[PDB]
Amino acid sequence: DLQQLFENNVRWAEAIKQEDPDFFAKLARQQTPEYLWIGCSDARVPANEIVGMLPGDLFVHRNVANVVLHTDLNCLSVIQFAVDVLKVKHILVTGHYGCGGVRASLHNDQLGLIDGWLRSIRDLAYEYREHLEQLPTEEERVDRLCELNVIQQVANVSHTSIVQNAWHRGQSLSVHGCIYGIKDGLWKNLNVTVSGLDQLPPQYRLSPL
């Protein structure tokens, strides 16, 4: 039954309109979010509710296990529109504990198309195989890889020419790494924020155009 979702919507919209009849009218005039959320598609991680944001506040990309690839025009279009047009001040890279995409990367089952998508997280598990092996349970390994993945994705966003050119032309722009606990509703800072070119390794820095 899809009519519930429709009936919830009319209910939601009309409730808002009696509290502030101009809410959508004003909102529809300009898009000025300060934040881009790059997070997982997982149903248990909705961005706005988690950080208490209202419509208009958060530009959002969500994909499986919040993966950012430098050949992916899907995510890169979100990042570039966020950064070059909307000129967000902040990019919130948010992974979450118990992420099935990360977990799939740590196991050996073929899931099909998504096998390719998760390659770079599988790579991360190989890179940290000594660190992860050293952890006694599967849940610990999955959860640690989740942190590692977020931290990696933050690097990926920051190395984009999109982000570096924002900085080159003096734009205020910070990239953050957070992880959400689906078990407790808490959104945790991973303290890996990047806010400028000086924070990038020499091998990854691009010269201005």
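Residue positions are given as counts along the sequence shown, with the first one as 1.
Mean C-alpha temperature factor, higher of 60-68 and 178-186: Higher of the two, by average CA B-factor, is 178-186.
Which of 42-50 and 140-148 has higher mean CA B factor, as the PDB entry lists it: Per the PDB entry, the higher value belongs to 140-148.
Residue of maximum C-alpha B factor among 117, 128, 81, 97, per deposited coordinates: Within the set 117, 128, 81, 97, 128 shows the top C-alpha B-factor.
Out of 85, 132, 91, 104, residue topping the C-alpha B-factor column of the entry: Checking the PDB record, the top C-alpha B-factor among 85, 132, 91, 104 is at 132.
For residue 30, the third of its chain into which the C-alpha B factor falls: For residue 30, whose C-alpha B-factor we compare with every modelled residue in the chain, the answer is the highest third.
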